[PDB]
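**Student:** Please work out how this folds:
(4 chains, ligands or ions: 8)
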Amino acid sequence: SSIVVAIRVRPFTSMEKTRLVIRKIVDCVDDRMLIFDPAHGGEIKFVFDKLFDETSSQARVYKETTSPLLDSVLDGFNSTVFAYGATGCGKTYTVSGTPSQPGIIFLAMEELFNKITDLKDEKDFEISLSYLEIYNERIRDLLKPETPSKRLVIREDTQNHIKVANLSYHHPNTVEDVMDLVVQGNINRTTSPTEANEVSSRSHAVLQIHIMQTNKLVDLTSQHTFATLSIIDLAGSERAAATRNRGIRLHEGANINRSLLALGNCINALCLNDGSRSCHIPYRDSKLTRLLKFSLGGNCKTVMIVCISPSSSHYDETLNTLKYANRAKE
Amino acid sequence: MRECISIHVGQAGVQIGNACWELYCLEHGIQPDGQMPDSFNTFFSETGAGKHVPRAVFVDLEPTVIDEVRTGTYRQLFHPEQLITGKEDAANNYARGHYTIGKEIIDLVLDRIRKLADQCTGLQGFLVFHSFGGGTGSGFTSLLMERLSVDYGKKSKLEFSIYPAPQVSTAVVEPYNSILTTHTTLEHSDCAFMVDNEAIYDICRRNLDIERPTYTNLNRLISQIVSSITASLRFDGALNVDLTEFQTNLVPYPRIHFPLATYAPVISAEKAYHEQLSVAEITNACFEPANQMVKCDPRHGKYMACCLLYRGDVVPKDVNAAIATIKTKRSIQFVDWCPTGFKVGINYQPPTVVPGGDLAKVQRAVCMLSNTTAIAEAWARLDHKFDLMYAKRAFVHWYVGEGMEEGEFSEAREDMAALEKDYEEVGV
Amino acid sequence: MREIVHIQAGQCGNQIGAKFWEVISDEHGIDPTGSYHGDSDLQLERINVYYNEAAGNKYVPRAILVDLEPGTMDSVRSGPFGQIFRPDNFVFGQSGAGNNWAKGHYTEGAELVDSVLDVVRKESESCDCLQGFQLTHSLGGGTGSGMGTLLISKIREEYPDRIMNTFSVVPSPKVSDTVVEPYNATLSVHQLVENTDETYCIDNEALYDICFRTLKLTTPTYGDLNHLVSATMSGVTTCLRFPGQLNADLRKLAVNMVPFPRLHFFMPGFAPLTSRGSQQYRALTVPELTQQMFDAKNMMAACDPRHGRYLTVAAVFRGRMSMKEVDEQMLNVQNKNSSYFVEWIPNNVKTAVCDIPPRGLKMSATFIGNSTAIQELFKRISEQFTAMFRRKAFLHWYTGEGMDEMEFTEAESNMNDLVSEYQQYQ
Amino acid sequence: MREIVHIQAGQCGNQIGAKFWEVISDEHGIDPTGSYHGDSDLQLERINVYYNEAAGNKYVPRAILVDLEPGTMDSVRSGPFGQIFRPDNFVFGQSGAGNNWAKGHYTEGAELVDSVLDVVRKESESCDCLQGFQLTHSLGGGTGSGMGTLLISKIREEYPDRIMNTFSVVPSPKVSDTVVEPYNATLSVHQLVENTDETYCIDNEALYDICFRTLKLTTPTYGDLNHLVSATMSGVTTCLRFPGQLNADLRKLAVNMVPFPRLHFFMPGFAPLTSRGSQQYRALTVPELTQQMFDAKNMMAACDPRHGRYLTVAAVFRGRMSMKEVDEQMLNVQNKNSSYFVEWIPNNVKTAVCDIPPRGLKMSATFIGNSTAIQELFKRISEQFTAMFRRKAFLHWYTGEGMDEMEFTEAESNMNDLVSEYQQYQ
Ligand SMILES: Nc1nc2c(ncn2[C@@H]2O[C@H](COP(=O)(O)CP(=O)(O)OP(=O)(O)O)[C@@H](O)[C@H]2O)c(=O)[nH]1
Ligand SMILES: Nc1nc2c(ncn2[C@@H]2O[C@H](COP(=O)(O)CP(=O)(O)OP(=O)(O)O)[C@@H](O)[C@H]2O)c(=O)[nH]1
Ligand SMILES: Nc1nc2c(ncn2[C@@H]2O[C@H](COP(=O)(O)OP(=O)(O)OP(=O)(O)O)[C@@H](O)[C@H]2O)c(=O)[nH]1
Ligand SMILES: Nc1ncnc2c1ncn2[C@@H]1O[C@H](COP(=O)(O)OP(=O)(O)NP(=O)(O)O)[C@@H](O)[C@H]1O
Ligand SMILES: [Mg+2]
Ligand SMILES: [Mg+2]
Ligand SMILES: [Mg+2]
Ligand SMILES: [Mg+2]
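**Tutor:** Numbers count the residues shown, from 1 in each chain, chains lettered A, B, ... in the order given. Ligands and ions are numbered 1, 2, ... in the order given. Have a look at this structure:
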């Protein structure tokens, strides 16, 4: 139903360890409360739906955060995964990243396959994967960008079924190869080696799991069970100059900020509408939010997973990031 | 010794500058080509015999305004490395002024500022002119002031800003720029001034009897105000108040950057023959809302500080009597913690008026610099207008499309709330 | 700096554009040979914005004529523009779309656009500092709609930071010229709202009422319609070309025109609209200008502002004026008509005053209204679209171009969403 | 010093050469009698390069006409050149090759060449400091191809340190004149690549497009084709004949033209190509020149540069120009079009500016492009060669001259290797 706001802090690295003796900008005091200040207006308190930090394994984060969303997908309606951060805070990392690390993508597939094996006697699992890339207000096939970006019918059925162009859809049969498709997408994904966040996700991405189940039993209704799971990656956000942004570099920053603005506006409107008696959200304002027409604010449950960088070098960024997450709910 | 560097960031500041340097020329006897027929060194520098040129930097991303200067009277005065032009406009957008475009001109600007600073012997400080509405006026001013702090540290920096009127507005996203900019002002300015076009328009209409008010004569009033403020350094009178001295008297607490500059007496060139403009009479006028340069009502707040800069045929004795009179006026409420909150300057240099406007030339004038707590009310109005638009994030995409972060607006707004709270606390 | 590349897509765009360039040339003292015979400095001060000064001091409009029907070129070239417009700017095919958006967009237009963009790029390189593009056309179909749409998309892709400004003739509600106006408009608008930054809604029917009733004219011709449109176009970039007492110019204006990316369809108006006889009973003051400027009857789009709410009104003045005089009228109007403005937008009217009046006038003012009442245009067109589409009437003229009902359905759906957004902001 | 011996091999070479010598004579104020009636010093300063000042101050072109078909001489001599060209320069046989490379090379040409070389040697001795040779001809066959090839080989042997510069008409891809163009071109090119130092690829088809489309002409004649070619030839040695602000001249240029001995086949172009009408919309500035000069559509060879990579572009300018203006355009072009230039060659465009513009122009520029895209010419010709050769079509016309399939096979093989080398450098 309502959007869950979950937040996790990325640990300190040699970029901070060689700085040490420096102060942590994030003071997590319990599972919902963060304190964020060194005094400029005094201790700034935030209350969230679920907090995590550098001591909590991403595997458990998944289990509490998006593992229930995987269940939500098959509760008669679909479900999706959102996130937020200030470029370089963890968004991409938390999907798994390191091969020894279980994360959102890895465990979503692994858990699903275990359920598939057990539930194969109840329903069949015809599943196809879609890889979308969002760059400069253009939607491309993330896995295979060679496909003309014009080829995408961003539209839904009157039944809220996904009715888009012939994207390079792929069936899953394991976790590794599926993640390899995600990686290959990220390989073909537009980045910027010139940025500090080595291989920053300059373009956004949607990993859409199309689940077309069918009833193993024969009955009067004989209706299939279509549902989907989306794992969404973003370009995070940067300063208006972001250190001498030049030409298209600045333009890219603007476009991802526009995308997140529209997304944030739609989230804000949605949470304001979650309480009211209307839901006028201009999803048209961005091809991303158009794609997310039902992902954000349709018949679904979701989560906003915010990645936090406690480094003293990112005080103001995290300051707004936490206030942003709060605003997203409020 | 005592020298000033003026920086005209906004075209409001440029047109004010045009009026100011026009005035300075008349006051020092300097022609449009720099020809003179001394203390002018504070504003002009000799570049060869009979070639005195203005120590000022003009910054525009929109050469049209500069071209008006380059094709105007003082094209023979200002030289090519003062009149700095850019390429793209700031689109009334703090994000573009501070970042997108301004980041590519600030380097040039600073180099020219450094040049003038190297040419100075007793730099007193900088005189920055701008608005809270324009993109360069807002964003670039913010960019520049940050850089000036880096380069010159504690060197005095004045911000002569145009303050968005409570009714007479021109643009729609004025609140956006004003809120972001004022944050920076509080961070970097050493003393800030606010001018309300609406207040002056009514002053012109009433006190000057002007049927059709506009910027031309409005700016002339501003130039009288600024001239009066700087008169104490450029002219040797009785009580010469320095910029540090202004801070000493006008700042009781670091953040108090309001001092409303009220010029009296705003008399039309007609009633002046019937106006018995004594020191006391003029003083009486300057302490009224009738001559206040920002729409407000000081009688609902408290006077933290009040500096009266008298100019021309002014006698200390008569001034003291006038002050004592003011002190007995219950309509003027000073803060309890500053029983001595009065400062007097007296400069023996008759008020100079430039042909081309009304403002009758008088033998006596006073510039009141008033730090009255009531200004928080004006700030509240600005904040409210901001909130109205901000609540719907209206026009926010124009800033975000330049890479502006939402938190920049949120944080600046919070600082503006604190500013008013500071005015609330000193009222106690 | 700040050069503008003008494109004339279609016969409507060519005829309006020709009138526009007549007006601009007249204002800047440039005759039909390209020779400048003015008397000011300001006439050349920003002449670069619109003209290339060719060898011999011949000012050539930075304008490209785009068309699928030869002879259309001659409908302009055979006039004064045979010496004004460059031969390389007459870029056209030899087919014609026949009021078919798809033909002028997917097929016939797609064949032409390669050579158009080549000329566009030439001008892009010729410019010292391109401010943006300006397209004049129509939603009637064919070139203006299809080719205009195509060009916007292609050019926007090339110059994502220099979005094209569009002056487009919209569908009239009574005065119809063809049958498939709903198709061509719906398909074009679907694309336009995604690509354009500012669109001016030009309705011949409303203009007909202005010419006939406001200007007291006999038989309003296309030249009279274009007189009104070109007057608007000149006003829009007067502050660009000329100096005033303040100045938010073109992009500086744009920032204050709309609080949202999509709702950028404006109604244009012109204050000083009156018969020569009735001028003798009128006074040259801004109060008279504003009473005419804010008159819904003088709107150049056939939608009555008062039915919706104003997000903002730009009031661009021309001629020596008092800022107090102007702004007081602005305040009086917003206060008195406050019921028609959006409550939560502090200032609903923007002031811009340039000191250079129109030729033949002592003063003027340009009205650019952002009102949700324009939704009536889109709503009615959508209804007419439905009326035809529901039966697949004339559908085969577009499916022969490779189109499908899905595309049509989406275009309709999108316009409906646009109307809803106006209703929401209302 | 620095004299050039020109040879006109074949009717094509004679007609082009005649046009060339018309142009040069015109530029240097020399009328058809040989009399000089100019007004500068520079017109005579290096007149020795191209002319012998005969008794009576009659400037006689240092040019030799070589031919196998009497009457060809008269096709030039009957014009102004009856008083310009020397009778001893009209060196010809009385047979004709009939578009047969072998006839004009092994047999009929071999009979003539003895008397040609005798005249060549006369001019060699007449020269004070021979800079090199210049041959104009064609790959169509017969004299131009066969006799041209023969002369190059023979003269190269005599003057291994003064390699002949060649302007040769190449085979068109659509506009064919005869059937055995693949044979004659293949056989000639096989030899040319081994003997010549610089070859200009002149394609009538590309020139036809220039004349018709770029120059907006009706019916492009051979004289119009030659106008373009002779314009190039004049440009190539303008810096030789005239002074500038710097100067790398002819051989100094050549050193910077190619990084390899074999890949010396260049595409020529001319900047100022426009109709008299369209000139009125153009500006006299190097930015306009470079936009036209770097336009692939104005190439005089039918290969689109952009399909390959540039080893280098020579940009030779004529007229008073700013070095900053020129070089900034050069830099802007290489940067913007960097994707079409070879990565590992720092400077891919060479600047040379002579201060003496063409007669009738205020300024101009000559394009000489070393691009691998020219491989398309050689590839397509080889394919056409294969098409015929594989069947031994027309083969007997050459085996009757003592040729064999081995020679043909080798000529084809060699051209294929040449194409491969372009692909490698691409
Ligand atoms: N306001 C104006 N409307 C015009 C003018 N000329 C035509 N139109 C209107 O535009 C429509 C006709 O449009 P066009 O000739 O531009 C169609 P286009 O040439 O673009 O494509 P084709 O179908 O290939 O002719 C129709 O509604 C006319 O009534 C004009 O000068 N002003
Ligand atoms: N660019 C030009 N091409 C020409 C010209 N004259 C001829 N040609 C082309 O050259 C070919 C004809 O060549 P030639 O008359 O020179 C053959 P040549 O006399 O050398 O030997 P024969 O076979 O003995 O005639 C053909 O492709 C013509 O279309 C010209 O003036 N310019
Ligand atoms: N008092 C006064 N106000 C002015 C004058 N000119 C402009 N303004 C005000 O200044 C604000 C507009 O800012 P500008 O200074 O024109 O803009 P800018 O600083 O040039 O910034 P950009 O043009 O956006 O780069 C509005 O509030 C105007 O009313 C003037 O001569 N006097
Ligand atoms: N919890 C973590 N533990 C260890 N390393 C981390 C963690 N979070 C992030 N990183 C590292 O920081 C670099 C990642 O930035 P991520 O890739 O986390 O940035 P991002 O949020 O996807 N940036 P952006 O794409 O611009 O929005 C990666 O190489 C990670 O290994
Ligand atoms: Mg990432
Ligand atoms: Mg400005
Ligand atoms: Mg037409
Ligand atoms: Mg012959």
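
**Student:** show me what contacts whichever residue of the stretch 301-428 of chain B sits closest to chain C?
**Tutor:** Chain C sits closest to residue B:394 of the stretch 301-428 of chain B, with a gap of 3.4 Å, by C-beta to the nearest C-beta. Where C-beta positions appear, they are placed from N, C-alpha and C, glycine not excepted. Residue B:394 is in contact with C:259-260, C:344-345, counting by C-beta atoms under 8 Å, 6 or more residues apart in numbering or on different chains.

**Student:** where's it, which helix or strand?
**Tutor:** Assigned by DSSP states H and E, residue B:394 belongs to neither a helix nor a strand.

**Student:** And the strands in the stretch 251-400 of chain B, which stretches?
**Tutor:** Taking DSSP state E, counting those that start in this stretch to define them, one finds strands in the stretch 251-400 of chain B at B:260-264, B:303-312, B:342-347, B:364-372.

**Student:** quick revisit: ligand 4: which of the contacts of residue B:394 is nearest?
**Tutor:** Comparing the contacts of residue B:394 against ligand 4 with C-beta to the nearest ligand atom places residue C:260 closest, at 26.0 Å.

**Student:** what sits against that closest one?
**Tutor:** If a contact means C-beta under 8 Å, 6+ apart, then residue C:260 has A:282, A:285, B:394, B:397, C:421, C:425 as its contacts.

**Student:** got it, and residue A:241?
**Tutor:** Neighbour list for residue A:241: B:98-100, B:103, B:403 [criterion: C-beta under 8 Å, 6+ apart].

**Student:** Also near ligand 2: which of those, exactly?
**Tutor:** Among these, no residue lies close to ligand 2 (C-beta under 6 Å from any ligand atom).

**Student:** quick one: which of the contacts of residue B:394 is most hemmed in?
**Tutor:** residue C:259 (23 neighbours; other C-beta atoms under 10 Å in any protein chain shown).

**Student:** Quick check: that residue is in a helix.
**Tutor:** No: applying DSSP: H, G, I helix; E, B strand; the rest coil, one finds residue C:259 to be coil, outside a helix.

**Student:** what's it in contact with, if anything?
**Tutor:** If you count contacts by C-beta under 8 Å, 6+ apart, then residue C:259 has B:389, B:392, B:394-395, C:311-312, C:345 around it.

**Student:** Recalculate using a threshold of 6 Å.
**Tutor:** B:394-395 (C-beta atoms under 6 Å, 6 or more residues apart in numbering or on different chains).

**Student:** same deal with residue C:289?
**Tutor:** C:271, C:365 are the contacts of residue C:289 under C-beta under 6 Å, 6+ apart.

**Student:** For it, what is the enclosing helix or strand?
**Tutor:** Going by DSSP H and E, residue C:289 is in helix C:286-293.

**Student:** so the residue of chain A found nearest chain B is in which element?
**Tutor:** Nearest to chain B, among the residues of chain A, is residue A:320, at 2.8 Å (C-beta to the nearest C-beta). Using DSSP H and E, residue A:320 sits in helix A:315-329.

**Student:** list the helices and strands that helix packs on?
**Tutor:** Helices and strands touching helix A:315-329, by 3 or more C-beta pairs under 6 Å, 6 or more residues apart in numbering or on different chains; DSSP states H and E, are strand A:301-308.

**Student:** quick one: the strand it packs on to chain centroid distance?
**Tutor:** 7 Å (C-alpha atoms, centre = their mean, to the nearest Å).

**Student:** and what of stretch B:23-41?
**Tutor:** Distance, centroid of stretch B:23-41 to centroid of chain: 22 Å (C-alpha atoms, centre = their mean).

**Student:** got the end-to-end distance for it?
**Tutor:** 15 Å (C-alpha to C-alpha, to the nearest Å).

**Student:** Can you list the buried residues in it?
**Tutor:** B:23-25, B:27-28, B:30-31, B:34, B:36, B:40-41 (16 or more other C-beta atoms under 10 Å in any protein chain shown).

**Student:** Residues contacting it, please?
**Tutor:** Taking C-beta under 6 Å, 6+ apart as the rule, stretch B:23-41 contacts B:43, B:50-53, B:73-74, B:76-77, B:223, B:227, B:234, B:352, B:354.

**Student:** can you check stretch C:171-178 too?
**Tutor:** Under C-beta under 6 Å, 6+ apart, the answer for stretch C:171-178 is C:99, C:139, C:181, C:185, C:203-205, C:302, C:380-381.

**Student:** is ligand 7 contacted by that stretch?
**Tutor:** No: Stretch C:171-178 does not reach ligand 7 (C-beta under 5 Å from the ion); its nearest approach is 12.4 Å.

**Student:** Tell me the buried residues in that stretch?
**Tutor:** C:171-173.

**Student:** That one vs ligand 1: in contact?
**Tutor:** Yes: shown here: stretch C:171-178 in contact with ligand 1 (C-beta under 6 Å from any ligand atom) through residue C:177.

**Student:** And that stretch, end to end?
**Tutor:** Stretch C:171-178: ends 10 Å apart by C-alpha to C-alpha.

**Student:** re the thing from before, just name the closest of the contacts of residue C:260 to residue B:147, please.
**Tutor:** residue B:397 (28.2 Å; C-beta to C-beta).

**Student:** Now do the same contact list for that closest one.
**Tutor:** Applying C-beta under 6 Å, 6+ apart, the residues near residue B:397 are residue C:261.

**Student:** Same question for residue A:139.
**Tutor:** A:132, A:152, A:287.

**Student:** that older thread, could you dump the contacts of residue B:394 to a markdown table with distance to residue B:372?
**Tutor:** Shown next, in a markdown table, are the contacts of residue B:394 (distance: C-beta to C-beta, whole Å):
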| residue | distance to residue B:372 |
| --- | --- |
| C:259 | 35 |
| C:260 | 40 |
| C:344 | 31 |
| C:345 | 31 |
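
**Student:** Closest one of those to chain B?
**Tutor:** residue C:259 (3.4 Å).

**Student:** Could you check how far the closest residue to chain A within the stretch 301-426 of chain C is from residue C:242?
**Tutor:** As assessed by C-beta to the nearest C-beta, chain A sits closest to residue C:424 within the stretch 301-426 of chain C, at 4.8 Å. As for residue C:424, its distance to residue C:242 is 38 Å (criterion: C-beta to C-beta, to the nearest Å).
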